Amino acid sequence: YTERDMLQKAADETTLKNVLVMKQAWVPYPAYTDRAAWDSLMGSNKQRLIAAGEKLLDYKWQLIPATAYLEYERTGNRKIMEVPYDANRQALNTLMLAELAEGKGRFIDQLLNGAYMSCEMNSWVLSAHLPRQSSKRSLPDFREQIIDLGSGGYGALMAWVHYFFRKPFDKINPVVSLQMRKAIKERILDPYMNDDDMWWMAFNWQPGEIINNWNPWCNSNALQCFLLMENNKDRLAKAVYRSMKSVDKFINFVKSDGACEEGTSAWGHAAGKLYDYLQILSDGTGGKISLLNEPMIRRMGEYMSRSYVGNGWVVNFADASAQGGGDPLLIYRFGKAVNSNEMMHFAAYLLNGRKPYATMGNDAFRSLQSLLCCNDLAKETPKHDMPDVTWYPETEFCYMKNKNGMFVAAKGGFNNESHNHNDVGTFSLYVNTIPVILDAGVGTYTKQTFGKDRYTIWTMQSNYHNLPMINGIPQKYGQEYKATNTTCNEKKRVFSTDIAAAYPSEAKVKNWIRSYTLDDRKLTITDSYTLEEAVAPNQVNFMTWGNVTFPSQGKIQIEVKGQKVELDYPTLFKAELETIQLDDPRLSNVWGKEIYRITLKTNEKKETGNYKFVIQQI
């Protein structure tokens, strides 16, 4: 945690008040009545959105019964409540887009229905999140509102519906818009202003506690609501400045190098929601309060590009899937905002030759913003170019590639990272995007997943990462079990780190240097060690999949998904192949039926020594 306070340094409440844009004059979309401008903006989205709206003309708004909320306490079931809720929010979002597209009033009745139904609900908070209320129950309490992920998005959607359709709504019956204003005030504006203690706001934050994607996600939704619904400038400045102080906590907490250490699967709602917040803040201040030019924000956006190997494969240190992806439209908008050509070309690449269409779902801001970017994203040339080395020195992630299709990810770090695996010093090797030396990634949660016994799960253990068992001992969990002297020579493509301190006293190791050198054709892996005492033989493990063969002593071949490599290992080792049948669908959906651990074992025992391994395409 670093006190950068970038937003507070850019403006105080007095500065803010002088630059806030009132009366929603900041809104970038045409007036609902401006049919020609909607037709130009919409392009080929028009007919698609209209057709999606037509499918909802007889949509029956779904009631959520008390028992669906109660079921969270009874069994932990979330989906019983979330499925009808999300169906409603998606319908309302789609109807908004359809009515903007067509402008004939055909969807207005259903928009009005959705809005009115939404006001009658006691709360927009998810059943799993309601237990943070005073009563600690999973059922709404009509006397109290909190804000969660769902309710903020629900609120923002309602605010946009209100903004676009207030006039046709009031023609039908002005009480609808009136109740919408009341609902948004009670469920977003007031709780946001009056309750300093919502955990995601991080006003009470201290070391040890978590700040995560909830912070920019909830702040960006609240910010939209205020900018759309709060017409008192004094009240608006106070709310906006509060949001700036809150989001500063998030910016202060993440690393300046821009690596999202949970991995790419959170990126869209972490860095991507920080982007949304900053765009919204910029729009609301006529561009005068903008961090979109800050290099750290660009690095946070570019992490999604650098970490995306290809064909759905992503770098997956820690408890993260080896499969991933992104919203190309979001990535494009983020890229353009921070002037990252790399991100803009990457977004075009991720389209996979699809034409960009409006983002549907239930996120009103991203749906509307997707309309603005489509035409430009459509013209963008697809390319996934990046430097041969990306070095995140604080997070200690290192990506290194060559022009013949090898991509190596390596890490230093410490065994108390977010979603930690005991993996200090590990590497992953991809060949033409295909994992060849892999990192197994994320399994289904069990009771053992959190707490002592986390490290009894094989996916979390150094034993099942691309690492040694020093004197036969694996790495230990803990903040102080860490890399030392981690370096990256960007020009030579050499990553090096001393992993000795990631192992417990029983490992009896003074130093162990693990280094990776990538040349134009091969990856050289070296170990260089000094032990206090030679207790037991070292073991070295590699994780892989596909078709594994052993043509001769010192040689392994791996053939997987059209790629083929040879791994040369010291002949002092006896190589065995362990089959890991994958019962857990979260794993088998990525890797198929089984993966392998290659074990390299020896009878040797010495206080010093070194190993070289070489991997090349064949």
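Residue indices: 1-based, along the sequence shown.
* Mean C-alpha temperature factor, higher of 61-69 and 579-587 -> Per the PDB entry, the higher value belongs to 579-587.
* **567-575 set against 29-37, stretch whose average Cα temperature factor tops the other in the entry** => According to the entry, 567-575 carries the higher average C-alpha B-factor.
* Asked: Which one, 438, 244, 278, 210, has the peak C-alpha temperature factor per the PDB entry?
  -> That would be 210, according to the entry.
* Asked: Between 531, 304, 97, 201, which carries the biggest CA temperature factor in the record?
  -> Reading the PDB entry, the winner on C-alpha B-factor is 531.
* Asked: Hey, what third does residue 293 fall into on Cα B-factor, ranked over its chain?
  -> It falls in the middle third of the chain.
* **Lowest, middle or highest third - CA B-factor, residue 592** => Middle third by C-alpha B-factor.
* To do: Please place residue 492 in the lowest, middle or highest third of its chain by C-alpha B factor as given in the entry.
  => For residue 492, whose C-alpha B-factor we compare with every modelled residue in the chain, the answer is the highest third.
* To do: Among all modelled residues of this chain, ranked by Cα B factor, put residue 103 in the bottom, middle or top third, i.e. lowest, middle or highest.
  => Middle third - that is where residue 103 ends up once the chain's C-alpha B-factors are sorted.
* Could you look up the Cα B-factor of residue 465 in the entry and say which third of the chain it sits in: lowest, middle or highest? => CA B-factor rank for residue 465: middle third.
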